[PDB]
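Have a look at the structure below, then the notes.
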Amino acid sequence: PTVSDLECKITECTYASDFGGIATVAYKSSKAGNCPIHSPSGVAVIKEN
Amino acid sequence: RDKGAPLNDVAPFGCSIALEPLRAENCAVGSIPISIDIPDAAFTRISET
């Protein structure tokens, strides 16, 4: 699925080591299925691939 | 019969009395710096509310 026309926002970001940072994402898909994710910036490390 | 009145009838700042451990119950005055360590198990993680 193409996911654009979305929105992302943190909801409780934890300024920390353990994966405490969270963020809802208003996904706006075309199909329905899986969608691999990553932050190309090294600022954020994500638990979910 | 020529006494004075009782401290549970003349005290200030709101107290009651007992001939018991000599407490002065329920004295409403000032503030108390209270601090608690909650059980972390009782917390709900942020991504569930």
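Chain labels A, B, ... are given in the sequence in which chains occur in the structure tokens; within each chain residues are numbered consecutively from 1, and ligands are likewise numbered from 1 in the order shown.
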
Legend entry - Long-range neighbours of range 33-39 of chain A as a list in words, 12 Å cut-off, only C-alpha atoms, 5 positions minimum in chain: residues 1, 2, 3, 4, 25, 27, 28, 44, 45, 46, 47, 48 and 49 of chain A

Inset, instruction - Tell me which protein, DNA and RNA residues are within 9 Å of range 24-41 of chain B, counting only C-alpha atoms, leaving out same-chain ones fewer than 2 positions away, and put them as a list in words. - result: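 Using only C-alpha atoms, the neighbours found are residues 8, 12, 13, 14, 15, 16, 17, 18, 22, 43 and 44 of chain B.
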
Using N, CA, C and O atoms, can you export the residues from the last selection as a tab-separated table (two decimals), in the first residue's frame?
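See selection_19.tsv below for the written result:
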chain	number	residue	atom	x	y	z
B	8	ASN	N	-11.23	20.14	73.60
B	8	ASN	CA	-12.10	19.74	72.50
B	8	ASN	C	-13.31	20.65	72.36
B	8	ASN	O	-14.18	20.37	71.54
B	12	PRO	N	-7.76	25.78	69.17
B	12	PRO	CA	-7.75	26.30	67.79
B	12	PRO	C	-7.50	25.24	66.73
B	12	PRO	O	-7.29	24.06	67.01
B	13	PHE	N	-7.56	25.71	65.48
B	13	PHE	CA	-7.23	25.00	64.24
B	13	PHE	C	-7.74	23.56	64.17
B	13	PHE	O	-7.14	22.70	63.53
B	14	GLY	N	-8.90	23.33	64.77
B	14	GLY	CA	-9.75	22.21	64.44
B	14	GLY	C	-9.39	20.80	64.85
B	14	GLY	O	-9.16	19.95	63.99
B	15	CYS	N	-9.47	20.50	66.14
B	15	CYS	CA	-8.99	19.28	66.73
B	15	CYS	C	-10.10	18.64	67.54
B	15	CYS	O	-11.03	19.31	67.99
B	16	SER	N	-9.99	17.33	67.71
B	16	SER	CA	-10.81	16.57	68.63
B	16	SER	C	-9.87	15.73	69.48
B	16	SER	O	-8.71	15.54	69.12
B	17	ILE	N	-10.39	15.20	70.59
B	17	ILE	CA	-9.57	14.73	71.69
B	17	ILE	C	-10.09	13.38	72.18
B	17	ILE	O	-11.26	13.03	71.97
B	18	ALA	N	-9.21	12.61	72.83
B	18	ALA	CA	-9.61	11.36	73.47
B	18	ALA	C	-8.71	11.05	74.66
B	18	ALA	O	-7.51	11.34	74.64
B	22	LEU	N	-3.97	9.85	73.95
B	22	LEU	CA	-3.80	11.28	74.20
B	22	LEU	C	-3.57	11.98	72.88
B	22	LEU	O	-2.81	12.94	72.78
B	43	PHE	N	1.12	0.89	37.00
B	43	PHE	CA	1.05	1.77	35.85
B	43	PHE	C	0.52	1.02	34.64
B	43	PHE	O	0.73	-0.18	34.46
B	44	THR	N	-0.19	1.76	33.80
B	44	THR	CA	-0.52	1.34	32.45
B	44	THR	C	0.42	2.08	31.51
B	44	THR	O	0.67	3.27	31.67

Inset, instruction - Identify every residue of chain B that has at least one atom within 12 Å of any atom of chain A, counting only C-alpha atoms, and report the result as a ChimeraX atom specification. - result: /B:45-49

Legend entry - alpha helix (DSSP H) per DSSP on the backbone: members of chain B, as a list in words: residues 7, 8, 9 and 10 of chain B

Inset, instruction - Pull the strand (DSSP E or B) assignments for chain B out of DSSP run on the backbone, and list those residues as a list in words. - result: residues 16, 17, 24 and 25 of chain B

Save out the residues we just selected, N, CA and C atoms, as a JSON list (two decimals), in the first residue's frame.
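Once written, result11.json looks like this:
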[["chain", "number", "residue", "atom", "x", "y", "z"],
["B", 16, "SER", "N", -9.99, 17.33, 67.71],
["B", 16, "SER", "CA", -10.81, 16.57, 68.63],
["B", 16, "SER", "C", -9.87, 15.73, 69.48],
["B", 17, "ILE", "N", -10.39, 15.20, 70.59],
["B", 17, "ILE", "CA", -9.57, 14.73, 71.69],
["B", 17, "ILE", "C", -10.09, 13.38, 72.18],
["B", 24, "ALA", "N", -4.84, 14.13, 69.52],
["B", 24, "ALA", "CA", -5.69, 15.26, 69.21],
["B", 24, "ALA", "C", -6.06, 15.12, 67.74],
["B", 25, "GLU", "N", -7.18, 14.46, 67.48],
["B", 25, "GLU", "CA", -7.50, 14.03, 66.13],
["B", 25, "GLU", "C", -7.74, 15.22, 65.20]]
